[PDB]
Every structure is written in structure tokens, then in C-alpha cells.
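Listing of entry11.tsv; format and content: TSV, C-alpha atoms.
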chain	number	residue	atom	x	y	z
S	1	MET	CA	-58.64	204.89	146.63
S	2	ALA	CA	-57.18	207.02	149.43
S	3	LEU	CA	-58.00	210.50	148.04
S	4	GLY	CA	-61.19	210.01	146.00
S	5	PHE	CA	-62.83	208.44	142.97
S	6	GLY	CA	-60.55	207.84	140.00
S	7	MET	CA	-57.69	209.26	142.08
S	8	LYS	CA	-54.77	206.91	142.75
S	9	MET	CA	-51.39	208.04	143.98
S	10	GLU	CA	-48.83	207.00	141.36
S	11	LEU	CA	-46.02	204.87	142.77
S	12	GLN	CA	-43.21	205.99	140.44
S	13	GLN	CA	-43.63	209.73	141.13
S	14	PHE	CA	-43.68	209.07	144.87
S	15	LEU	CA	-40.39	207.10	144.66
S	16	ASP	CA	-38.85	209.82	142.44
S	17	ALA	CA	-39.91	212.51	144.91
S	18	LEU	CA	-38.58	210.49	147.85
S	19	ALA	CA	-35.24	210.16	146.01
S	20	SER	CA	-35.00	213.90	145.27
S	21	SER	CA	-36.27	215.53	148.49
S	22	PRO	CA	-36.80	212.86	151.20
S	23	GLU	CA	-37.16	215.58	153.84
S	24	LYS	CA	-40.38	216.80	152.14
S	25	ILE	CA	-42.16	213.44	152.23
S	26	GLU	CA	-45.01	213.27	154.77
S	27	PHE	CA	-46.26	210.15	156.56
S	28	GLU	CA	-49.77	210.65	155.11
S	29	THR	CA	-48.29	210.68	151.60
S	30	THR	CA	-46.46	207.41	152.17
S	31	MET	CA	-49.65	205.86	153.58
S	32	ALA	CA	-51.78	206.99	150.62
S	33	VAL	CA	-49.27	205.50	148.21
S	34	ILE	CA	-49.07	202.21	150.10
S	35	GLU	CA	-52.85	201.92	150.51
S	36	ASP	CA	-53.49	202.71	146.85
S	37	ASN	CA	-50.83	200.40	145.40
S	38	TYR	CA	-50.74	197.35	147.65
S	39	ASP	CA	-52.84	194.81	149.44
S	40	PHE	CA	-51.68	194.50	153.04
S	41	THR	CA	-51.63	191.41	155.19
S	42	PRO	CA	-50.23	191.42	158.73
S	43	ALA	CA	-46.78	189.91	159.38
S	44	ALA	CA	-44.54	189.42	162.39
S	45	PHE	CA	-41.13	191.08	162.08
S	46	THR	CA	-38.06	191.70	164.18
S	47	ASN	CA	-36.31	195.03	164.06
S	48	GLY	CA	-32.99	194.97	165.93
S	49	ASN	CA	-33.87	194.85	169.62
S	50	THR	CA	-37.61	195.12	169.10
S	51	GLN	CA	-40.03	192.40	167.91
S	52	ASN	CA	-43.50	192.92	166.44
S	53	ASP	CA	-46.20	190.24	166.33
S	54	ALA	CA	-48.54	190.14	163.34
S	55	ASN	CA	-51.04	192.98	163.81
S	56	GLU	CA	-48.70	194.86	166.16
S	57	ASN	CA	-47.43	198.17	164.74
S	58	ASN	CA	-49.08	197.63	161.34
S	59	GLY	CA	-48.00	201.11	160.16
S	60	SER	CA	-44.31	200.29	160.68
S	61	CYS	CA	-44.87	196.84	159.21
S	62	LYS	CA	-46.25	198.47	156.03
S	63	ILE	CA	-43.40	200.94	155.68
S	64	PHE	CA	-40.64	198.33	156.08
S	65	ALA	CA	-42.41	195.93	153.71
S	66	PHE	CA	-42.68	198.83	151.22
S	67	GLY	CA	-38.98	199.66	151.71
S	68	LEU	CA	-38.09	196.06	150.92
S	69	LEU	CA	-40.24	195.79	147.77
S	70	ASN	CA	-38.88	199.11	146.44
S	71	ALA	CA	-35.24	198.60	147.49
S	72	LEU	CA	-35.19	201.78	149.60
S	73	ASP	CA	-32.02	202.58	151.55
S	74	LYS	CA	-32.07	203.24	155.31
S	75	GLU	CA	-32.29	206.99	154.94
S	76	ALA	CA	-35.15	206.78	152.38
S	77	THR	CA	-37.06	204.27	154.54
S	78	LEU	CA	-36.78	206.53	157.60
S	79	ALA	CA	-37.96	209.47	155.47
S	80	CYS	CA	-41.17	207.56	154.62
S	81	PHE	CA	-42.17	207.98	158.29
S	82	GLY	CA	-42.39	211.75	157.63
S	83	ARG	CA	-42.88	213.80	160.81
S	84	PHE	CA	-42.80	210.69	163.05
S	85	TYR	CA	-39.12	210.46	162.11
S	86	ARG	CA	-38.27	214.09	161.42
S	87	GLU	CA	-40.09	215.59	164.46
S	88	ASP	CA	-41.18	212.99	167.01
S	89	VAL	CA	-37.94	211.05	166.90
S	90	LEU	CA	-35.13	213.31	165.63
S	91	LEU	CA	-36.06	216.35	167.75
S	92	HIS	CA	-36.65	214.34	170.93
S	93	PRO	CA	-33.89	211.74	171.23
S	94	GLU	CA	-34.83	210.72	174.79
S	95	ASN	CA	-38.52	209.99	174.10
S	96	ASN	CA	-39.62	206.36	173.82
S	97	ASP	CA	-42.28	206.57	171.11
S	98	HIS	CA	-42.01	204.96	167.65
S	99	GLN	CA	-39.74	202.15	168.84
S	100	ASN	CA	-39.53	200.78	165.31
S	101	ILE	CA	-38.11	204.05	163.96
S	102	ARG	CA	-35.67	204.32	166.88
S	103	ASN	CA	-34.49	200.73	166.45
S	104	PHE	CA	-34.13	200.95	162.70
S	105	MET	CA	-31.93	204.07	163.13
S	106	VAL	CA	-29.49	201.90	165.07
S	107	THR	CA	-29.48	198.52	163.28
S	108	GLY	CA	-30.97	199.40	159.86
S	109	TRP	CA	-31.91	196.77	157.28
S	110	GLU	CA	-29.46	194.29	158.79
S	111	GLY	CA	-31.71	194.20	161.87
S	112	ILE	CA	-34.96	193.64	159.96
S	113	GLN	CA	-36.40	190.12	159.54
S	114	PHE	CA	-39.96	189.42	158.38
S	115	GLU	CA	-41.63	186.12	159.20
S	116	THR	CA	-43.71	186.43	156.04
S	117	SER	CA	-44.56	189.06	153.40
S	118	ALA	CA	-46.93	191.91	154.21
S	119	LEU	CA	-47.53	193.57	150.82
S	120	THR	CA	-48.55	192.51	147.31
S	121	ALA	CA	-48.88	194.99	144.44
S	122	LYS	CA	-52.43	195.76	143.17
C	3	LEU	CA	-25.08	167.84	149.29
C	4	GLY	CA	-25.47	165.04	151.87
C	5	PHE	CA	-28.35	164.53	154.27
C	6	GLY	CA	-28.28	167.16	157.03
C	7	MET	CA	-26.01	169.55	155.13
C	8	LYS	CA	-27.22	173.14	154.79
C	9	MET	CA	-25.30	176.24	153.87
C	10	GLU	CA	-25.20	178.69	156.77
C	11	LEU	CA	-26.32	182.17	155.79
C	12	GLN	CA	-24.01	184.16	158.08
C	13	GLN	CA	-20.78	182.60	156.79
C	14	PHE	CA	-21.76	183.28	153.18
C	15	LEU	CA	-22.37	186.97	154.01
C	16	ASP	CA	-19.12	187.22	155.95
C	17	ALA	CA	-17.21	185.62	153.06
C	18	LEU	CA	-18.87	187.92	150.55
C	19	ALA	CA	-17.87	190.93	152.70
C	20	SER	CA	-14.27	189.73	153.11
C	21	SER	CA	-13.42	188.35	149.62
C	22	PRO	CA	-16.25	189.11	147.14
C	23	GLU	CA	-14.23	187.91	144.12
C	24	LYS	CA	-14.16	184.39	145.56
C	25	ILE	CA	-17.95	184.20	145.54
C	26	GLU	CA	-19.32	181.97	142.76
C	27	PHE	CA	-22.80	181.83	141.25
C	28	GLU	CA	-23.30	178.18	142.30
C	29	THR	CA	-22.57	179.14	145.90
C	30	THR	CA	-25.05	182.00	145.79
C	31	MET	CA	-27.76	179.73	144.33
C	32	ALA	CA	-27.11	177.09	147.01
C	33	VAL	CA	-27.25	179.57	149.89
C	34	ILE	CA	-30.53	181.00	148.58
C	35	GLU	CA	-32.05	177.55	148.08
C	36	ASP	CA	-30.99	176.40	151.55
C	37	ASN	CA	-32.12	179.50	153.38
C	38	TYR	CA	-35.33	180.71	151.68
C	39	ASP	CA	-38.65	179.68	150.24
C	40	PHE	CA	-38.90	181.14	146.76
C	41	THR	CA	-42.08	182.56	145.25
C	42	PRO	CA	-41.78	183.81	141.67
C	43	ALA	CA	-42.25	187.58	141.55
C	44	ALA	CA	-42.57	190.22	138.87
C	45	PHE	CA	-40.03	193.03	139.13
C	46	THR	CA	-38.67	195.97	137.18
C	47	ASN	CA	-34.98	196.76	136.95
C	48	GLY	CA	-34.22	200.09	135.30
C	49	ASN	CA	-35.18	199.53	131.68
C	50	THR	CA	-36.00	195.80	131.98
C	51	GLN	CA	-39.34	194.32	133.09
C	52	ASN	CA	-39.40	190.75	134.42
C	53	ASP	CA	-42.66	188.77	134.66
C	54	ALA	CA	-43.08	186.39	137.57
C	55	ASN	CA	-41.14	183.21	136.65
C	56	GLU	CA	-38.99	185.05	134.14
C	57	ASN	CA	-35.27	185.41	134.99
C	58	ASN	CA	-35.55	183.57	138.34
C	59	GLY	CA	-31.80	183.74	138.98
C	60	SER	CA	-31.81	187.57	138.93
C	61	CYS	CA	-35.11	187.65	140.84
C	62	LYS	CA	-33.57	185.56	143.64
C	63	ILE	CA	-30.31	187.46	143.80
C	64	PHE	CA	-31.92	190.91	143.99
C	65	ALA	CA	-34.41	189.71	146.61
C	66	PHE	CA	-31.54	188.14	148.56
C	67	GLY	CA	-29.53	191.40	148.36
C	68	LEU	CA	-32.44	193.35	149.81
C	69	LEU	CA	-33.14	190.90	152.62
C	70	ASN	CA	-29.45	190.98	153.64
C	71	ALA	CA	-28.82	194.72	153.21
C	72	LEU	CA	-26.25	194.29	150.41
C	73	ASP	CA	-25.03	197.29	148.46
C	74	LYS	CA	-24.93	197.38	144.65
C	75	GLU	CA	-21.41	196.03	144.31
C	76	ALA	CA	-21.89	193.17	146.84
C	77	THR	CA	-25.09	192.21	145.00
C	78	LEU	CA	-23.33	192.17	141.61
C	79	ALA	CA	-20.63	189.93	143.17
C	80	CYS	CA	-23.31	187.34	143.93
C	81	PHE	CA	-23.69	186.82	140.13
C	82	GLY	CA	-20.08	185.55	140.13
C	83	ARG	CA	-18.61	184.94	136.66
C	84	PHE	CA	-21.78	186.20	134.93
C	85	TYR	CA	-20.99	189.65	136.24
C	86	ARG	CA	-17.16	189.44	136.45
C	87	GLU	CA	-16.51	187.83	133.07
C	88	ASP	CA	-19.58	187.83	130.77
C	89	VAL	CA	-20.68	191.37	131.52
C	90	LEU	CA	-17.64	193.35	132.79
C	91	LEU	CA	-15.27	192.15	130.11
C	92	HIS	CA	-17.82	192.49	127.28
C	93	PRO	CA	-19.56	195.87	127.35
C	94	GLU	CA	-20.62	195.43	123.66
C	95	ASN	CA	-22.64	192.23	124.30
C	96	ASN	CA	-26.28	192.34	125.42
C	97	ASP	CA	-26.72	189.16	127.44
C	98	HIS	CA	-27.52	189.22	131.19
C	99	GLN	CA	-29.81	192.25	130.84
C	100	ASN	CA	-30.64	192.31	134.56
C	101	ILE	CA	-26.95	192.49	135.52
C	102	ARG	CA	-26.32	195.16	132.86
C	103	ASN	CA	-29.27	197.25	134.05
C	104	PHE	CA	-28.48	196.93	137.73
C	105	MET	CA	-24.89	198.12	137.13
C	106	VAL	CA	-26.28	201.43	135.84
C	107	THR	CA	-29.42	202.13	137.89
C	108	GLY	CA	-28.76	200.03	141.03
C	109	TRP	CA	-31.35	199.71	143.79
C	110	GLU	CA	-33.07	202.94	142.67
C	111	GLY	CA	-34.07	201.07	139.50
C	112	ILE	CA	-35.42	197.96	141.34
C	113	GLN	CA	-39.10	197.54	142.22
C	114	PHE	CA	-40.66	194.17	143.21
C	115	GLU	CA	-44.45	193.65	142.92
C	116	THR	CA	-44.33	190.85	145.47
C	117	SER	CA	-41.76	189.42	147.87
C	118	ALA	CA	-39.68	186.64	146.22
C	119	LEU	CA	-37.93	185.16	149.29
C	120	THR	CA	-39.13	184.26	152.77
C	121	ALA	CA	-36.63	183.01	155.39
C	122	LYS	CA	-36.70	179.27	156.19
Could you spell out this file's structure in C-alpha cells?
Amino acid sequence: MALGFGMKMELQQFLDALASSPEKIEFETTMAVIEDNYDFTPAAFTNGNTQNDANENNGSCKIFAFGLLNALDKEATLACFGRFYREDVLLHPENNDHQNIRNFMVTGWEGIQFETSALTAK
Amino acid sequence: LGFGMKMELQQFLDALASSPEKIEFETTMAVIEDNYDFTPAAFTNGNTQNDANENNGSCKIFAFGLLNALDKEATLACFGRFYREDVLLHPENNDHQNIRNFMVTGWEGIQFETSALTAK
């Protein structure tokens, strides 16, 4: 478990929180929830004008796979990136970091295509 | 039907966007069959829980909606007559529980344990 023994981050509460106050969700929270609740396997995926091989950008891969399993809208999926979205990207539009976030902002779920699945529930 | 005949995904989505009431369940099932490998998956849908291999029609349609960025109403349209006739015209009946649940709670009520469709 991410936080300690006998301590697992509950999926439902996370999703409820994300739905209520997406702006308060941190990247480390999303990661704890994904790590605790899923088994990850790498997967290639395209994301508008960017393409990721398996094992490239595994963090983004996890978040989009999570967004698909949990039927998250574009705004909620972006919010799962926490400060990477809210600070790194939104405050600095001309930077070139987090290409997956920047691409998904443009083309959204329409632009996403996985070659295979990356997450299975525990 | 014939050898070498496959339903193209893009045209189905364009047709669904243009004239959703002309979409029929058979067409949706064919497009999913032609375009995806299906793996039974457990999922919850508001107040209903579906085991893997239970309610495979609903499992496929919801997975297909997510993969193709469909909103609630476009997804319901993929059920064709089962939504438009059986459910909408008969609020007192309790068939098609996945359609009935999704109408109320939408994508916020949907959670898949595993991915049901992978692109061919």
C-alpha cells in the first residue's frame, strides 16, 4: 500500500472528491489511489499529436487508463494531474513540459487511443 | 456480412452525431464486433453491479462510449429501441436496468474494473 500497513486509499471517496472539488486534487493523491487500486502494465497510446510507446510516460499512461476505467470527463482527467496541470501547464502556456497534458487539453478523449489496456482493478 | 465487409468506425460515429434516432441496436453491436476485441469486464453502474460476462451488451456499449468520447445521450442512443421504446415509454417497468441506471447517474455512476474493448 502507498501510505502504510493496512492503509489503502479508497477509490469511491477519491472519485467523489474529484467530482466535488477537482481543483483540490493533488497528483500524489491520484497516484496513491491508482497504485493502491490497480495493477499497472505498460501500454502504447496516442494522444492527439503526441505518441507514447509502452514504458514512455508511464505516469500519463496510468492517468488516462484510470480516466477511461472510471468514465472521467476531460476536465476531471486533467484535474488528476494536480499541480502538473494547474501550475506547470496552466500558468506557463508557452512551456513544453508535460506534452500529454498539453495535447489532451487540445484534442481530449477523442484524441486518445490505447494499443492495449494498462490497468486492472485489484 | 460478406467476406471482406467491415463496418467503418468513423461513419458510425458521424451518423450517430448527425441523426442519433436512426441508430439501431443491431448496428451498434456490429460496429463494436467489427472494430474491437471484447474481454468480459465487471462494472458498476449507479445502483447496479455487473459481474464479468453478465450483461455483455451494456458492458460493450458503455466501453464503446468511453473509447469514443460519447456523452450520456449519444451513449443511450446506441441502445436503439431498448432505450427509445422499452425504457423511455415505460418508466414503470424494470427491465434494462443498466439503461435505466445510466439515464439517472450517467458516466459519474460508471466504473469498470478492467477494460472491455481493445481496438482491432
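Atom CA of residue 8 of chain S sits 7.9 Å away from atom CA of residue 33 of chain S.
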Worksheet item: Restricting the calculation to all atoms listed in the file, which member of S:119, S:78, S:1, S:89 is positioned closest to residue 66 of chain S?
Response: S:119
Discussion item. Distance cut-off 8 Å, counting all atoms listed in the file - which residues of chain C neighbour chain S? Return them as a ChimeraX atom specification.
Written reply: /C:68-71,109-110,112-117,120-121
Discussion item. I'd like the interatomic distance between atom CA of residue 22 of chain S and atom CA of residue 47 of chain C, to a tenth of an Å.
Written reply: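 We find that atom CA of residue 22 of chain S and atom CA of residue 47 of chain C lie 21.6 Å from each other.
Shell of residue 79 of chain C at 7 Å, with all atoms listed in the file counted and residues fewer than 4 places along the chain excluded, is residues 22, 23, 25, 75 and 85 of chain C.
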Discussion item. With distances taken over only C-alpha atoms, which residue among S:90, S:23, S:98, S:107 lies nearest residue 58 of chain S?
Written reply: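 Looking at the shortest contact to residue 58 of chain S, the residue is S:98.
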Discussion item. (-41.5, 208.0, 161.9) in this file's frame - what residues fall within 9 Å of it? Use only C-alpha atoms and give the answer as a list in words.
Written reply: residues 27, 60, 78, 79, 80, 81, 82, 83, 84, 85, 86, 87, 88, 89, 98, 100, 101 and 102 of chain S
Would you save the residues of that selection, restricted to C-alpha atoms, as a short mmCIF file (atom, residue, chain, number, x, y, z; two decimals), keeping the file's coordinate frame?
data_model
loop_
_atom_site.label_atom_id
_atom_site.label_comp_id
_atom_site.auth_asym_id
_atom_site.auth_seq_id
_atom_site.Cartn_x
_atom_site.Cartn_y
_atom_site.Cartn_z
CA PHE S 27 -46.26 210.15 156.56
CA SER S 60 -44.31 200.29 160.68
CA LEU S 78 -36.78 206.53 157.60
CA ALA S 79 -37.96 209.47 155.47
CA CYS S 80 -41.17 207.56 154.62
CA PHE S 81 -42.17 207.98 158.29
CA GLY S 82 -42.39 211.75 157.63
CA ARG S 83 -42.88 213.80 160.81
CA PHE S 84 -42.80 210.69 163.05
CA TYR S 85 -39.12 210.46 162.11
CA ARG S 86 -38.27 214.09 161.42
CA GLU S 87 -40.09 215.59 164.46
CA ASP S 88 -41.18 212.99 167.01
CA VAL S 89 -37.94 211.05 166.90
CA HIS S 98 -42.01 204.96 167.65
CA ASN S 100 -39.53 200.78 165.31
CA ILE S 101 -38.11 204.05 163.96
CA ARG S 102 -35.67 204.32 166.88
#
Worksheet entry | Residue nearest residue 104 of chain C among C:18, C:78, C:89, C:7 (counting only C-alpha atoms) |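 Between C:18, C:78, C:89, C:7, the residue approaching residue 104 of chain C most closely is C:78.
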Worksheet item: Neighbours of segment 57-65 of chain C within 8 Å (only C-alpha atoms; same-chain residues fewer than 6 positions away dropped), as number ranges by chain?
Response: C: 30-31, 34, 40, 42-43, 45, 77, 80-81, 100-101, 117-119
Practice prompt. Please measure the separation of atom CA of residue 97 of chain S and atom CA of residue 57 of chain S, giving the value in Å to one decimal.
Written response: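 It comes out at 11.7 Å.
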Worksheet item: Can you tell me, as a ChimeraX atom specification, what residues are no more than 10 Å from residue 10 of chain C when counting all atoms listed in the file, ignoring any on the same chain fewer than 5 positions away?
Response: /C:15,33,36-37
Could N, CA, C and O atoms be built for segment 17-30 of chain S and written out as a CSV table (one decimal), in the frame of the given file?
chain,number,residue,atom,x,y,z
S,17,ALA,N,-39.9,211.4,144.0
S,17,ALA,CA,-39.9,212.5,144.9
S,17,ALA,C,-39.1,212.2,146.2
S,17,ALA,O,-38.3,213.0,146.7
S,18,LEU,N,-39.3,211.0,146.7
S,18,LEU,CA,-38.6,210.5,147.8
S,18,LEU,C,-37.1,210.5,147.6
S,18,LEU,O,-36.3,210.8,148.5
S,19,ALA,N,-36.7,210.2,146.4
S,19,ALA,CA,-35.2,210.2,146.0
S,19,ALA,C,-34.6,211.6,145.9
S,19,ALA,O,-33.4,211.8,146.2
S,20,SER,N,-35.4,212.5,145.5
S,20,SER,CA,-35.0,213.9,145.3
S,20,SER,C,-35.0,214.7,146.6
S,20,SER,O,-34.0,215.4,146.9
S,21,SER,N,-36.1,214.7,147.3
S,21,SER,CA,-36.3,215.5,148.5
S,21,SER,C,-36.9,214.7,149.6
S,21,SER,O,-38.1,215.0,150.0
S,22,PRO,N,-36.2,213.7,150.2
S,22,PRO,CA,-36.8,212.9,151.2
S,22,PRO,C,-37.4,213.6,152.4
S,22,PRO,O,-38.3,213.2,153.0
S,23,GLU,N,-36.8,214.8,152.7
S,23,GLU,CA,-37.2,215.6,153.8
S,23,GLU,C,-38.6,216.2,153.7
S,23,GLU,O,-39.1,216.7,154.7
S,24,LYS,N,-39.1,216.2,152.5
S,24,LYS,CA,-40.4,216.8,152.1
S,24,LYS,C,-41.5,215.8,152.1
S,24,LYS,O,-42.7,216.2,152.0
S,25,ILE,N,-41.2,214.5,152.2
S,25,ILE,CA,-42.2,213.4,152.2
S,25,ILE,C,-42.9,213.4,153.6
S,25,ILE,O,-42.2,213.3,154.6
S,26,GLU,N,-44.2,213.4,153.5
S,26,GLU,CA,-45.0,213.3,154.8
S,26,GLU,C,-45.5,211.8,155.0
S,26,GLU,O,-45.7,211.1,154.0
S,27,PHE,N,-45.8,211.5,156.2
S,27,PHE,CA,-46.3,210.2,156.6
S,27,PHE,C,-47.6,209.8,155.8
S,27,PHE,O,-47.8,208.7,155.4
S,28,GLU,N,-48.5,210.8,155.8
S,28,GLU,CA,-49.8,210.6,155.1
S,28,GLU,C,-49.6,210.4,153.6
S,28,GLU,O,-50.5,209.7,153.0
S,29,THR,N,-48.6,211.0,153.0
S,29,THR,CA,-48.3,210.7,151.6
S,29,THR,C,-47.8,209.2,151.4
S,29,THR,O,-48.4,208.5,150.5
S,30,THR,N,-46.9,208.8,152.2
S,30,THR,CA,-46.5,207.4,152.2
S,30,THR,C,-47.6,206.4,152.3
S,30,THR,O,-47.8,205.5,151.6
